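Here it is: the structure, laid out below.
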């Protein structure tokens with residue numbers, strides 16, 4: 001089997017991407033944030049504290065003839081950005097772009113933190129990291145991909161995120177028309193439950209490539225590119241007027257600037273992030289100071305190849321016995 005679904009930016013800045021997901025019988029379609037950095041499929045629901053729902057579409061398990069309460073199961077997750085959610089668990093039928101999994105754990109939110117409430121466009125998350133990170137207790141549950149894997153034509157999914165445009169998540173096949181050149185595969189460590197890999201270096205603009213190992217995770221659920229302070233300083237030094245602002249919480253730059261590209265290495269291959277991808281617009285409405293899309297990972301504990309990096313590539317998440325990651329230009 002295979003599946004293919006379009007993923008769409010939630011706003012003009014590509015702050016996140018949403019993908020429609022069918023849950024239950026008859027289908028209830030929710031728009032979920034596919035997140036290769038976490039492993040829970042959770043949704044706003046009829047059980048979510050009323051004051052914490054503001055415009056989201058909800059899953060109502062009582063209206064699904066295939067929903068079954070998973071007895072005694074609860075979940076609770078805290079994300080790297082400080083947001084969180086928790087609740088109980090159903091199993092139900094879940095379909096993505098024509099690919100169907102029966103008995104998928106659907107984690108129904110009873111509580112969500114303010115950032116989720118305040119974002120009306122995201123109805124929940126679909127985690128695509130390794131199932132070892134799943135938070136369901138006392139019996140850990142499998143991700144949608146893990147459940148689907150055996151049925152897939154090939155045990156892979158691909159992320160093809162657009163810049164200010166829709167893109168695609170495919171399951172079970174590689175669309176050879178979706179990228180240019182070849183896909184370069186690179187080793188993955190699953191020790192932390194992430195798609196963790198090691199970039200071979202970077203360049204800023206037309207500058208010379210610096211060969212250096214940068215360990216980080218491929219994370220579709222993180223907006224920006226978080227890299228070591230040395231690398232980030234080298235990038236912003238090429239932008240007149242750019243500065244790290246403690247009050248704003250990262251590097252900012254004059255909105256009148258033209259940003260240089262940023263290149264990262266995948267083996268001997270190179271992925272070029274155009275400068276425009278690194279512009280996240282005014283820090284506050286009407287300001288002429290803009291927020292940078294490349295930020296320091298220093299206070300995170302891990303480097304994160306988030307959407308800023310991933311949307312410059314066609315990315316293969318290879319879930320073979322020994323997982324690997326593939327990157328192609330596009």
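Basis: the model, the stated rules and, where named, an outside source; no laboratory read-out is quoted. Neighbour counts are summed over all protein chains in view; Cβ atoms, including those assigned to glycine, are modelled from backbone coordinates with ideal geometry.
Quick check on the stretch 129-145: of everything there that is outside any loop (DSSP other than H, G, I, E, B) and farther than 22 Å from residue 310 by Cα, which residue is nearest to the chain's Cα centre (by Cα)?
132
Right, another one. How about the stretch 44-82: which of its residues are in a strand (DSSP E or B), in contact (Cβ under 8 Å) with a residue 12 or more places away in the chain and over 16 Å from residue 28 (Cα atoms)?
Within the stretch 44-82, the subset in a strand (DSSP E or B) is 45, 59, 68-78.
Among the residues that remain, those that are also in contact (Cβ under 8 Å) with a residue 12 or more places away in the chain are: 45, 59, 68-70, 72-77.
Matches in the stretch 44-82: 69, 70, 72, 73, 74, 75, 76, 77.
Let me ask something else about it. Kindly evaluate residue 153 against the criterion of being part of a loop (DSSP other than H, G, I, E, B) and surrounded by fewer than 17 Cβ atoms within 10 Å (Cβ to Cβ).
yes
Taking the condition of being assigned to a loop (DSSP other than H, G, I, E, B) and within 24 Å of residue 223 (Cβ to Cβ), how many residues in the stretch 162-189 meet it?
Summing the residues that are assigned to a loop (DSSP other than H, G, I, E, B) and within 24 Å of residue 223 (Cβ to Cβ) in the stretch 162-189 gives 8.
Report those strands (runs of 3 or more DSSP E) wholly inside the stretch 253-297 carrying at least 2 residues which are outside the structural domain of residue 164 (by CATH), touching a residue at least 12 places away in the same chain (Cβ under 8 Å) and over 24 Å from residue 230 (Cβ atoms).
279-282
Just the residues that are under 22 Å from residue 191 (Cα atoms) and surrounded by 21 or more Cβ atoms within 10 Å (Cβ to Cβ), please, taken from the stretch 201-241.
Answer for the stretch 201-241, where residues must be under 22 Å from residue 191 (Cα atoms) and surrounded by 21 or more Cβ atoms within 10 Å (Cβ to Cβ): 216, 217, 218, 219, 220, 221, 222, 225, 226, 227.
If you don't mind, there's one more thing I want to ask. Which residues, counting only those in the stretch 115-124, are in contact with a helix residue (DSSP H, G or I) (Cβ under 8 Å, 6 or more places away or on another chain) and surrounded by fewer than 24 Cβ atoms within 10 Å (Cβ to Cβ)? Talk me through it step by step, then tell me what you get.
Taking the stretch 115-124 as the starting set, the residues that turn out to be in contact with a helix residue (DSSP H, G or I) (Cβ under 8 Å, 6 or more places away or on another chain) are 116-117, 122.
Passing the criteria: 117, 122.
Does residue 166 satisfy being under 20 Å from the mean Cα position of the chain (by Cα), exposed (fewer than 15 other Cβ atoms within 10 Å of the Cβ), touching a residue at least 12 places away in the same chain (Cβ under 8 Å) and farther than 30 Å from residue 299 by Cα?
yes
Taking the stated definitions as given, is residue 321 free of Cβ contacts under 8 Å to residues at least 24 places away in the same chain and not in a strand (DSSP E or B)?
yes
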